[PDB]
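Asker: Please see the structure below; I have some questions.
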Amino acid sequence: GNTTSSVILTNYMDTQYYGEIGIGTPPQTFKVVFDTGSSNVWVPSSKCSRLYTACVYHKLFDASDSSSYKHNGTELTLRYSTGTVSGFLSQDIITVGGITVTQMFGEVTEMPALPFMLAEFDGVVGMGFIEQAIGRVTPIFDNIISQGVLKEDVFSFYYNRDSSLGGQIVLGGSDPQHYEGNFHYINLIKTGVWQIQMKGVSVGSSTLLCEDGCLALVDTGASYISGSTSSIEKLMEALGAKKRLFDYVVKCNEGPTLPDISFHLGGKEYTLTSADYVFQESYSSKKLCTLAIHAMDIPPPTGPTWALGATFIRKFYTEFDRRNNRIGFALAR
Amino acid sequence: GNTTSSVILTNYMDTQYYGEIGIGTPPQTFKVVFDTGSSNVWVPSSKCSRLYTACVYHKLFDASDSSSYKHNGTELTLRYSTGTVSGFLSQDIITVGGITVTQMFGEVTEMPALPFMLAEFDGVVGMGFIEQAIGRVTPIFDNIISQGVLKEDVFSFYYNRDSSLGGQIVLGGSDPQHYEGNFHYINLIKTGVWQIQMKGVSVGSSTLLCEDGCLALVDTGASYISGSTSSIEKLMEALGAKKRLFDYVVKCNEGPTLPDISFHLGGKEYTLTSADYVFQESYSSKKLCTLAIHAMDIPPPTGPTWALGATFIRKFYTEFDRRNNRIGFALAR
Amino acid sequence: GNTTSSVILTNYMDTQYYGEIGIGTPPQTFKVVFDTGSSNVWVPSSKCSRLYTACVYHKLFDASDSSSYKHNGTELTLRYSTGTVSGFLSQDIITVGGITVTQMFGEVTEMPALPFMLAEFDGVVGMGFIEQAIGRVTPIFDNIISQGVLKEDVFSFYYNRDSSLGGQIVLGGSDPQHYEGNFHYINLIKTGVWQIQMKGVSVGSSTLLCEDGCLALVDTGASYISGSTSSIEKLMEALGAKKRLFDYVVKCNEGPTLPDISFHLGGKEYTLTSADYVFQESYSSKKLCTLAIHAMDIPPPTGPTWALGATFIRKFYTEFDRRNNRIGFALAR
Amino acid sequence: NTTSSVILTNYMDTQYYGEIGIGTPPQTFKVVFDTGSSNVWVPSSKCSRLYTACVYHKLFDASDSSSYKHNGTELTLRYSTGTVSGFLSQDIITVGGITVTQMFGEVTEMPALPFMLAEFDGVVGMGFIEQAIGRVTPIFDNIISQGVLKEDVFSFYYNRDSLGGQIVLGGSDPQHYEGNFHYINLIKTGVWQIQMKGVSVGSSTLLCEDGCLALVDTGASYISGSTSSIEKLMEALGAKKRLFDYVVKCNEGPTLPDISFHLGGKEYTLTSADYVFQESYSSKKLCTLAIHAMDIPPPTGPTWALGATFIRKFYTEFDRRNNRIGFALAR
Amino acid sequence: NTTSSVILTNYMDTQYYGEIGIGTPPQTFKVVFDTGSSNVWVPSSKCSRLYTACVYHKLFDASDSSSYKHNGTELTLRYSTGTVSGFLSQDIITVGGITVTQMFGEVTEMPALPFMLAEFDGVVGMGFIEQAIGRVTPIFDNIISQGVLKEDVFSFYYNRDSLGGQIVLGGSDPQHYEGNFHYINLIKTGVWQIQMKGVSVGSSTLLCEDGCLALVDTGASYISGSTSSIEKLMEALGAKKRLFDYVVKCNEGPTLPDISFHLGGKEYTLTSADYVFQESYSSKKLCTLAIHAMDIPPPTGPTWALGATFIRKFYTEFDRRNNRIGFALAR
Amino acid sequence: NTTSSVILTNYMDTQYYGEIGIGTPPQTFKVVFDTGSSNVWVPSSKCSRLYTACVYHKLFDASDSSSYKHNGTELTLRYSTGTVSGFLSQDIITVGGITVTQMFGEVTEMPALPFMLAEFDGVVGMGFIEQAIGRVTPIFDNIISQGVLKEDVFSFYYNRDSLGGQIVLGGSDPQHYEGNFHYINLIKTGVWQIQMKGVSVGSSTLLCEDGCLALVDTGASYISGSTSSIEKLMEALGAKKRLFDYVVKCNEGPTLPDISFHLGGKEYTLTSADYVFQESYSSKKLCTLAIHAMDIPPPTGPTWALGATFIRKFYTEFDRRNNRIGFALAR
Ligand SMILES: CCCCNC(=O)[C@H](C)C[C@H](O)[C@@H](N)CC(C)(C)CC(=O)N1C[C@H](C(=O)OC)Cc2ccccc21
């Protein structure tokens, strides 16, 4: 085909990156994370009870104010690394980046506050495959590629650092104005899932971990780079950080000195320098700085897997290949 | 009539201002915000489940320990700017400031933690009109004025700054020992709602906003001065603050220098100096100070409306006129 | 008998102290607080909905993966000082410290986020008596003592300060390598509850409170030393601290100077020096330090009672006597 | 039967200002109320934006004001740290809830220093006419003639680093002091100065035995002394001049003497607390004291001037009937 | 049709470094890019762990690198604060997305001081060959011969205390400046120095009337001057040398002059903001300024050197075609 | 078969005290345990509240104590920073879990300075009898005669800025050291001092070549030296005396030498870390060092005294059988 498109995203604390789509005719405008870690679309409903406080706080979809809605009704529960949202299915037209498709998505009427009361975004747009789509509902990407319109079955992400542009996706391509050198692709391990083989993690200078090959899910809808508790713990122990309940942290004087960590994907080595991983808002002996790596256990559906989220993409411009099933990396500029 | 009365309130972080009432015979004592932004009375129930953690944390009303209770039973759901509480109706005698009335109020059995786990008060006393009373239940004020007892159908609020007196309401009047100059009244725009016409907001020195007339609900039960997201955003942009999810904030060195904001109500101009709006607990280049203005969207029931809460009353002693439907302002001393 | 045993615990912020047990055959491993303030065992279920976010975050018990489970099914709701958990009963073998017993415990399917989203532990092991066991379910201790195996019907706690060993329980005894001088016992006030008579609290140098005898529940599963709001308030007022919603706090320069507080239990006096009570992470005029005493109201089941939690045990190694119903104290080393 | 309080801002314990409206409808500005002078001045639009000080502070815009009443007589106002020069004009200034018509000055020349540091825009003098530059009738005098206040008095309260302070024109507010005041009489009308009979550092009358003068200034931050008496004192405090400011070590703070200003026949005492600025107790850091030398000139000065430092201590009441000053403990 | 940006780290506004890979597969290190020199050096495994500086920093390990190409000619590199000594070797260094083969040095002797304070491991010179120690062809020259860049240019952007900075080798990135540049021409090829025609503190050309030299160094943190001209300036700022560094009081910050570097026929101005390090506005504390004397030696030096301080101000473009430097406001 | 540890508080790394009970039922107070002296003293009710130091600290109230046993012989206790004067009395003091009867002093005259800075109430000497003022049998000697301890030994552990420290009377706790100790022998019984054979700043034996003395004081915060040797050292550290305390710049911290105390034939080394107080790495701020001159008098002093600074380093064991001191790395 020959259309190319991008949505443009907003970067929030480097921890949450959202763009906009419009459901419905008159469009309802919601803010959303474009997630390769799942395959479903949902936004909050008007039918959600406001005794859930997150629904008091995000925009809701009213469909009886939509000329193009179309009733469905099956229940659908989404489980994620880190919260469930439950709700029901519906269809209407959704506009992502000037491309309009009629997508089947979920209207959530149960929206847990933790974490969702802390989300600046409204829902989620899974960029995943049919395979991981609860309810076996076609996903936006597969639908846009039906439309015969893109010049390539590729979408790419640019995540920026923070305080113009917060990020950018491009559908049907890759803006070469935000990467350099070449791209390097790792073919998908099974398919119907963005999982890649990962050959080893070096902290400093040696394979402390990942050592006989592991899995690396490349996930845009994740903020941190994470691994199992068990190798998280270990990496942690090296680097020298404590546990504060949900994140590790180092004293900030120590900060600009943690070694580099490396990620060995296809004969290349993705290294992250200490600043790319620590959230330095001090350099002070008395104050705690947390790092951008975490523990997360994702179950055998697909995990155990290391997940490479924002930490990572923010350094390496990523393009996700459909035509060919693989992922490629190149250096963000 | 010729009684005058006041409750005396406690000021919490300048963000939450509560007094005490007693329901029931033997009184049960609950702490409450006196709210002109709504018209209903509710307190938590004993019948509330303690799996809602806010009910584990506030006092509950047991009515089978009340000689004067009187069964009702309709359900009633309260929606507010910022949380829902749901529950059922009941009647008992309520004592506000030495005046005893038998009021129909709600027993809440669903109490959302966010925000209510952070409330120092137990419930709410709407000071609003029958009109905005869910369930079309008479409100305390209308009942006290039935009692034939006040010398005037007026109540007034004094909110203090913080660390004696945290505030004070006076029923049937106004203590002139806490205002100066004269009062200035703005008549109520429609009636059955404390809404007034508001002619323009100046940040600095020019009408950046409110410009062709807007609405200003004067609300005692609100802590911040707020407007729609859309003009909030804009004011914000001027003044120079960021967004931290729920509030804006400025670096504190910048702090004692944000310009003044003005509120144009009836040919007078309500100005707030920078200190009246910023919560300065630092003056430091490295630390964030949040401001006392926020975004809040209140729906067409009554909003879009700017809401003038504590920020505002704390500077201008406010009296709310019943006899004559209007609001008057005077300078708190 | 002649076995003695200890579990070893982890100390988290001096505020939460957990050890490990294994339910089920293959063991499922959960982390738990050993609580003398209650008498029931529970851990989270797999059957818990993940729309409760605390269940997404703690390990769950699957029993259909347990060869030795045994179905029960009665509902059981646990109310505590500070949250409810609700769930259902089950039996399987539980291993505490190398001792294996088959215990009837609860599988929680409702787990409130606040507080449980902030708990590093998974459930609880009540060390209390049959008497306070909801559902009149035998407790682990009574079962282990059935097993005929301990040399004494005693368990003891060592809580450590913080950043080797975080703590230690010993079943059937007391490690003399962690106390000094002698032990001193206060016999249990009624029995079927760890409550002791408490003769007076001195702040500084005089009985400000507790003065005509009061109750002191000795509770390991509590972090702070607390009393009723009403005498908390008062003690507070002396010492000189404010209220921040849930804790009091003092300015930290003031910090290393609050007087000592004394606890008069059986002709001895338990004194706590200012550092044992304040959480000093500054000494600065501009910053707030909170203290390790709180208000808590526990209802007439057993309260009003002062509760002596971690604050206290951390200074005085405590042994709880079964054989003889009493409690003894000795100085932790 | 009136009284008018005005609420004050405290910026760092070093400046306390509050607000006024000049004009109709009123143009509002941050003013410092001083017992130090007698003239009212706010910055002017006619102020060149060449002066940063004028670029960054609010300007009075005269025709945006209906009561404006031209005068243009040129004024220079030399304080004891700062000349600003400008021109006389007229209007209504509303202070508290009072509404007065006064002659104020519109400044058009502001020094960056000291003023790019002031956080308020101007100054309101609570001083006599004798000290006014232009013998321009000041605002308390003008006010005291409307007949409305309840007393020819005006007090001050200033907080420690909440409120900030308050002026109560017309009387006092008891909510802020403890005790009953003691007055100490005006050494001569014209200036808010009294006679002080000995500054006793620590234990024994060290300095100023044998009287001297203390002006009482609501518009200064420190307790000032002349350079050398300051030297003598400090030498005694055990502090040393660092670079700028004298210093003592955090630790050392709590161990310092008390100074007591013998005055009026009663000894007014302050402590280490009271005069030292404790951003720490760190033996590892240095602490500033809130007492600074200030040599001011021959009629007024040479004199001690009891500033925010002393006022933070004792609530003050300036009294015009009796041309006396009272002091009670501030609370 | 290329360009290559490299992203920079800012440590305290005092050092900005970014990364490089030496080797195959590439061994990556934190480098400072300097207009100050012309040689590339990273620490060596052969560095004795006797030198802390070598114990704590990353070492180049040559046989862990297939392209390694021995040379061993001994180098000493004397900068204007720091000699490090080492030996010549070969390899491929990849910078941005470029991939070059260069002769770099493996240092084996590092001074603790200054280096146990550097946070990056080495240095990359963007200076001429004439200034290279060994007349060793530098990395921009080597690069400019692959034919790939889009222009014989390389610019710098450095943030205030987020990104940090960027080099854009080959051209400029507009996203970071406002305006159109003005060049000011190389006083003679060989060094990145220009002629400056007057440093005017505050209002009137105080110093350097009558030209002088300013080297433009991407690798220095401050604006340096010689000792006494620094003295003269500061004397004028009203600062005083404390112990180490000159100081001014927080308060006093915002009141200081502006310095403007007259150069190229255009006046390049900085302010108080621009040159003072404001960890406070506290009248109760002292503030460092980001301008420091630096006497450097006779051919190069004596000269002014416009460091991170000036670069933070004006985005820079070093231009090799035209052997000129451009400046636009940084944004 | 006993041992008795006592848990210590660390206030700023500058004081470590712990608790004692004097009386029946025991009246408990914060004491510093010193190897510096030999007498036990807590403040007295009979202390006049004229002395702030006595107003703010806990007082021993003798008849609130059944074992009280009057004596009234007047004591003055002159330390090397502080005389306090008082009177001898009797009672039972319980320390750890031991319960001893001793003669302590009830102080009635406390100096504000140094004491309005102490945070504990008194002092417990772990020194010999020879050094006791009154030749009053000290608490370790009295204790060592109940027959109960396991060894004529008592050690110390002090944390970096959690626990704080511990004394273990009777023996050592391995949980806090690594390694096996090495003793270095008492230059003469009477005092806890040894002979030190050279203080080598940085690399070469700079000072004290040719022996000198080091008292080992559990009750001092720093490593002290005499004034001029301190001068010589520091001069070498590159620090300068600021006002009070010597200073070095944050940045500069990590670059400083190591000092190593040659003693006992083994070299006891500390580093920059070890002796510098790093409230920052800011090149923008100044840092204090934990080594301070302290000229103490002719028999005892002149001598070096290895304080909290050195003890924080090496865990210490004072040994009375063998009248020797051991040191192992603290952990
Ligand atoms: C059932 C389909 C999902 C199965 N798989 C997963 O859940 C995978 C492994 C995780 C899934 O992609 C995650 N990243 C998507 C979510 C939305 C749950 C991530 C997530 O919760 N967030 C990511 C947002 C984000 O990181 O943007 C980059 C940040 C955030 C803020 C507040 C609440 C949630 C939230």
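So you can find residues: chains in the structure tokens are A, B, ... in the order shown, residues in each start at 1, and ligands are numbered from 1 in order.
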If the limit is 7 Å from any atom of ligand 1, counting only C-alpha atoms and all ligand atoms, which residues qualify? Return them as a ChimeraX atom specification.
Answerer: /A:15-18,33,35-40,78-83,115-116,118-120,124,132-134,219-223,298,309-310
Asker: Report the residues of region 88-285 of chain C whose backbone DSSP state falls under strand (DSSP E), written as a PyMOL selection string.
Answerer: chain C and resi 88-96+99-110+123-126+154-159+167-171+179-187+195-198+201-203+206-209+214-218+225-227+249-251+261-265+268-272
Asker: Starting from chain F, keep only residues with some atom at most 10 Å from an atom of chain A, counting only C-alpha atoms, and report them as a PDB file with N, CA, C and O atoms, in the first residue's frame.
Answerer:
ATOM      1  N   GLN F 278      31.692  13.291  54.416  1.00  0.00           N
ATOM      2  CA  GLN F 278      31.041  13.396  53.150  1.00  0.00           C
ATOM      3  C   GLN F 278      29.624  13.806  53.091  1.00  0.00           C
ATOM      4  O   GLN F 278      28.880  13.099  52.413  1.00  0.00           O
ATOM      5  N   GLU F 279      29.161  14.915  53.777  1.00  0.00           N
ATOM      6  CA  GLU F 279      27.735  15.173  53.559  1.00  0.00           C
ATOM      7  C   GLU F 279      27.561  15.570  52.078  1.00  0.00           C
ATOM      8  O   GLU F 279      26.592  16.374  52.183  1.00  0.00           O
ATOM      9  N   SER F 280      28.366  15.185  50.931  1.00  0.00           N
ATOM     10  CA  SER F 280      28.154  15.597  49.572  1.00  0.00           C
ATOM     11  C   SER F 280      29.403  15.075  48.814  1.00  0.00           C
ATOM     12  O   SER F 280      30.382  14.845  49.432  1.00  0.00           O
ATOM     13  N   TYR F 281      29.443  15.138  47.488  1.00  0.00           N
ATOM     14  CA  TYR F 281      30.544  14.911  46.616  1.00  0.00           C
ATOM     15  C   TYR F 281      30.649  16.226  45.710  1.00  0.00           C
ATOM     16  O   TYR F 281      31.717  16.389  44.855  1.00  0.00           O
ATOM     17  N   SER F 282      29.709  17.180  46.069  1.00  0.00           N
ATOM     18  CA  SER F 282      29.591  18.471  45.444  1.00  0.00           C
ATOM     19  C   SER F 282      30.811  19.238  45.355  1.00  0.00           C
ATOM     20  O   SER F 282      31.346  19.561  46.413  1.00  0.00           O
TER      21      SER F 282
END
Asker: Could you give me, as a Markdown table, a per-residue list for chain B showing, wherever an atom lies at most 12 Å from an atom of chain C, the closest pair of atoms and their distance in Å to one decimal, using only C-alpha atoms and sorting by chain then residue number from low to high?
Answerer:
| residue | atom | partner | partner_atom | distance |
| --- | --- | --- | --- | --- |
| B:12 | CA | C:244 | CA | 9.0 |
| B:13 | CA | C:244 | CA | 8.9 |
| B:16 | CA | C:245 | CA | 11.4 |
| B:49 | CA | C:84 | CA | 9.0 |
| B:50 | CA | C:84 | CA | 5.9 |
| B:51 | CA | C:84 | CA | 5.0 |
| B:52 | CA | C:112 | CA | 7.5 |
| B:53 | CA | C:83 | CA | 6.1 |
| B:54 | CA | C:114 | CA | 9.1 |
| B:55 | CA | C:83 | CA | 9.5 |
| B:56 | CA | C:82 | CA | 6.8 |
| B:57 | CA | C:82 | CA | 7.9 |
| B:58 | CA | C:297 | CA | 11.1 |
| B:59 | CA | C:297 | CA | 11.0 |
| B:112 | CA | C:114 | CA | 11.1 |
| B:113 | CA | C:114 | CA | 8.0 |
| B:114 | CA | C:114 | CA | 9.6 |
| B:115 | CA | C:114 | CA | 11.9 |
| B:116 | CA | C:114 | CA | 11.7 |
| B:117 | CA | C:114 | CA | 8.8 |
| B:118 | CA | C:245 | CA | 7.4 |
| B:119 | CA | C:245 | CA | 8.2 |
| B:120 | CA | C:245 | CA | 6.7 |
| B:121 | CA | C:245 | CA | 10.4 |
| B:163 | CA | C:242 | CA | 10.3 |
| B:281 | CA | C:286 | CA | 9.1 |
| B:282 | CA | C:286 | CA | 9.1 |
| B:283 | CA | C:286 | CA | 11.8 |
Asker: Write a file of the just-selected residues containing C-alpha atoms, as an mmCIF file, in the first residue's frame.
Answerer:
data_model
loop_
_atom_site.group_PDB
_atom_site.id
_atom_site.type_symbol
_atom_site.label_atom_id
_atom_site.label_comp_id
_atom_site.auth_asym_id
_atom_site.auth_seq_id
_atom_site.Cartn_x
_atom_site.Cartn_y
_atom_site.Cartn_z
ATOM 1 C CA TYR B 12 -6.218 19.921 58.639
ATOM 2 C CA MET B 13 -3.524 20.899 56.441
ATOM 3 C CA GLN B 16 -9.694 19.511 55.177
ATOM 4 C CA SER B 49 -18.455 -4.066 55.630
ATOM 5 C CA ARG B 50 -14.896 -3.843 57.024
ATOM 6 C CA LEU B 51 -13.503 -5.280 54.130
ATOM 7 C CA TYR B 52 -13.997 -1.488 52.867
ATOM 8 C CA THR B 53 -10.886 -0.195 54.920
ATOM 9 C CA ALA B 54 -12.170 3.199 55.292
ATOM 10 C CA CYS B 55 -14.925 1.808 57.631
ATOM 11 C CA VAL B 56 -12.374 0.316 59.815
ATOM 12 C CA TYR B 57 -10.945 3.627 60.205
ATOM 13 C CA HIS B 58 -13.868 5.962 60.787
ATOM 14 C CA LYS B 59 -16.599 5.942 63.496
ATOM 15 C CA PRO B 112 -14.347 3.938 48.732
ATOM 16 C CA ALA B 113 -10.848 4.030 50.185
ATOM 17 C CA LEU B 114 -9.469 6.325 47.819
ATOM 18 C CA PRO B 115 -10.396 9.002 48.812
ATOM 19 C CA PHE B 116 -11.978 8.253 51.940
ATOM 20 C CA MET B 117 -9.000 6.415 53.605
ATOM 21 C CA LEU B 118 -7.349 9.823 53.596
ATOM 22 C CA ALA B 119 -10.100 11.794 55.030
ATOM 23 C CA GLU B 120 -9.855 12.820 58.586
ATOM 24 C CA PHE B 121 -13.544 13.427 58.764
ATOM 25 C CA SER B 163 -1.239 26.033 63.612
ATOM 26 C CA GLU B 281 7.294 24.464 52.677
ATOM 27 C CA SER B 282 10.651 25.393 51.031
ATOM 28 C CA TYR B 283 12.303 28.006 49.001
#
Asker: From the DSSP assignment of the backbone, select every residue of region 43-146 of chain F that is alpha helix (DSSP H), and format the answer as an MDAnalysis selection string.
Answerer: chainID F and resid 52:55 112:115 139:143
Asker: Take the residues that were just selected and, keeping N, CA, C and O atoms, output them as a short mmCIF file (atom, residue, chain, number, x, y, z; two decimals), in the first residue's frame.
Answerer:
data_model
loop_
_atom_site.label_atom_id
_atom_site.label_comp_id
_atom_site.auth_asym_id
_atom_site.auth_seq_id
_atom_site.Cartn_x
_atom_site.Cartn_y
_atom_site.Cartn_z
N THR F 52 21.91 25.37 82.87
CA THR F 52 21.09 24.95 81.79
C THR F 52 21.39 23.50 81.62
O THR F 52 20.31 22.65 81.59
N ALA F 53 22.78 23.23 81.46
CA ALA F 53 23.32 21.91 81.30
C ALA F 53 22.60 21.05 82.30
O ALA F 53 22.15 19.87 81.94
N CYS F 54 22.40 21.51 83.57
CA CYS F 54 21.66 20.65 84.53
C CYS F 54 20.21 20.72 84.31
O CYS F 54 19.55 19.80 84.51
N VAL F 55 19.72 21.88 83.80
CA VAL F 55 18.25 21.94 83.49
C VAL F 55 17.74 21.02 82.33
O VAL F 55 16.65 20.33 82.18
N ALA F 112 28.26 24.65 80.13
CA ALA F 112 27.32 24.61 79.03
C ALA F 112 27.78 24.19 77.80
O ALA F 112 26.90 24.24 76.84
N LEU F 113 29.08 24.09 77.97
CA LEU F 113 29.95 24.01 76.95
C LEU F 113 31.20 23.61 77.59
O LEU F 113 31.94 24.30 78.44
N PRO F 114 31.40 22.38 77.40
CA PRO F 114 30.77 21.34 76.48
C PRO F 114 29.59 20.70 76.80
O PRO F 114 29.14 19.95 75.93
N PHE F 115 29.04 20.88 77.97
CA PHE F 115 27.85 19.99 78.09
C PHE F 115 26.49 20.21 77.66
O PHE F 115 25.79 19.31 77.68
N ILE F 139 34.19 0.95 88.13
CA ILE F 139 33.25 -0.04 87.74
C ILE F 139 33.94 -1.24 86.99
O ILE F 139 33.50 -2.33 87.22
N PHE F 140 34.99 -1.20 86.14
CA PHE F 140 35.29 -2.51 85.68
C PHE F 140 35.99 -3.30 86.78
O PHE F 140 35.84 -4.42 87.01
N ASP F 141 36.71 -2.69 87.63
CA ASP F 141 37.39 -3.39 88.61
C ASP F 141 36.57 -4.03 89.59
O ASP F 141 36.95 -5.21 89.95
N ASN F 142 35.52 -3.33 89.94
CA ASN F 142 34.47 -3.76 90.91
C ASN F 142 33.79 -4.85 90.39
O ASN F 142 33.47 -5.58 91.13
N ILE F 143 33.52 -4.90 89.11
CA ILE F 143 32.72 -5.92 88.36
C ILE F 143 33.50 -7.26 88.26
O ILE F 143 32.97 -8.34 88.66
#
Asker: Find the residues of chain F that sit at most 10 Å from chain E; for each, write down the nearest two atoms and how far apart they are in Å, to one decimal. Count only C-alpha atoms. Sort by chain, then by number going up, and give it as CSV.
Answerer:
residue,atom,partner,partner_atom,distance
F:239,CA,E:243,CA,9.8
F:240,CA,E:243,CA,7.8
F:241,CA,E:243,CA,9.1
F:242,CA,E:243,CA,7.4
F:247,CA,E:243,CA,8.8
F:248,CA,E:244,CA,8.8
F:249,CA,E:244,CA,8.0
F:251,CA,E:117,CA,6.9
F:252,CA,E:117,CA,7.3
F:253,CA,E:117,CA,9.0
F:254,CA,E:116,CA,7.0
F:255,CA,E:112,CA,5.6
F:256,CA,E:112,CA,8.4
F:257,CA,E:112,CA,9.7
F:281,CA,E:117,CA,9.5
F:282,CA,E:12,CA,8.0
F:283,CA,E:14,CA,8.3
F:284,CA,E:288,CA,6.2
F:285,CA,E:288,CA,8.4
F:286,CA,E:244,CA,9.1
Asker: Can you pull out the residues contacting residue 189 (chain A)? Cut-off 10 Å, using only C-alpha atoms, and skip same-chain residues under 2 positions away; I want them as an mmCIF file with C-alpha atoms, in the first residue's frame.
Answerer:
data_model
loop_
_atom_site.group_PDB
_atom_site.id
_atom_site.type_symbol
_atom_site.label_atom_id
_atom_site.label_comp_id
_atom_site.auth_asym_id
_atom_site.auth_seq_id
_atom_site.Cartn_x
_atom_site.Cartn_y
_atom_site.Cartn_z
ATOM 1 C CA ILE A 186 16.320 -10.921 16.075
ATOM 2 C CA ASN A 187 13.812 -13.319 14.642
ATOM 3 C CA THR A 191 5.295 -16.692 16.800
ATOM 4 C CA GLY A 192 1.855 -15.128 17.846
ATOM 5 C CA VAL A 193 4.182 -13.480 20.769
ATOM 6 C CA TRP A 194 6.982 -10.622 20.706
ATOM 7 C CA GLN A 195 9.498 -12.937 22.500
ATOM 8 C CA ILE A 196 13.096 -13.088 21.579
ATOM 9 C CA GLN A 197 16.022 -15.242 22.502
ATOM 10 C CA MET A 198 18.127 -13.687 24.829
ATOM 11 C CA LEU A 215 13.527 -15.117 27.012
ATOM 12 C CA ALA A 216 13.223 -11.386 26.579
ATOM 13 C CA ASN A 325 8.350 -11.886 12.213
ATOM 14 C CA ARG A 326 11.268 -10.669 13.766
#
Asker: Tell me which of C:66, C:101, C:24, C:122 sits closest to residue 144 (chain C), counting only C-alpha atoms.
Answerer: C:101
Asker: Any idea what's packed within 9 Å of residue 153 (chain F), counting only C-alpha atoms, ignoring anything in its chain fewer than 4 positions away? Could you give it as an NGL selection string?
Answerer: :F and (149 or 168-172 or 317-321)
Asker: Can those selected residues be exported to a file as a compact mmCIF listing (two decimals), in the first residue's frame so that it contains N, CA and C atoms?
Answerer:
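File written: result-v6.txt
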# COMPACT_ATOMS: atom_id res chain seq x y z
N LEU F 149 32.40 -12.19 85.35
CA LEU F 149 32.56 -12.15 83.82
C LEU F 149 33.27 -13.31 83.23
N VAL F 168 30.99 -5.04 74.81
CA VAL F 168 30.70 -6.32 75.28
C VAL F 168 31.64 -6.37 76.43
N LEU F 169 31.12 -6.36 77.56
CA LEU F 169 31.94 -6.51 78.71
C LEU F 169 32.17 -8.12 78.93
N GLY F 170 33.44 -8.55 79.03
CA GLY F 170 33.70 -9.90 79.34
C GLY F 170 34.27 -10.63 78.28
N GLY F 171 34.23 -10.11 77.12
CA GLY F 171 34.69 -10.71 75.97
C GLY F 171 34.36 -9.91 74.62
N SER F 172 34.15 -10.59 73.35
CA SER F 172 34.05 -9.89 72.08
C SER F 172 32.84 -10.33 71.18
N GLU F 317 39.67 -4.22 71.66
CA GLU F 317 39.38 -4.93 72.79
C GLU F 317 40.29 -4.55 73.84
N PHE F 318 39.81 -4.07 75.02
CA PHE F 318 40.71 -3.60 76.09
C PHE F 318 40.91 -4.75 77.06
N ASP F 319 42.04 -5.14 77.52
CA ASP F 319 42.33 -6.28 78.17
C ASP F 319 43.12 -6.07 79.29
N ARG F 320 42.50 -6.30 80.38
CA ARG F 320 42.99 -6.15 81.59
C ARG F 320 43.89 -7.25 82.16
N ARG F 321 43.67 -8.51 81.74
CA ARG F 321 44.58 -9.58 82.26
C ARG F 321 46.03 -9.13 81.85
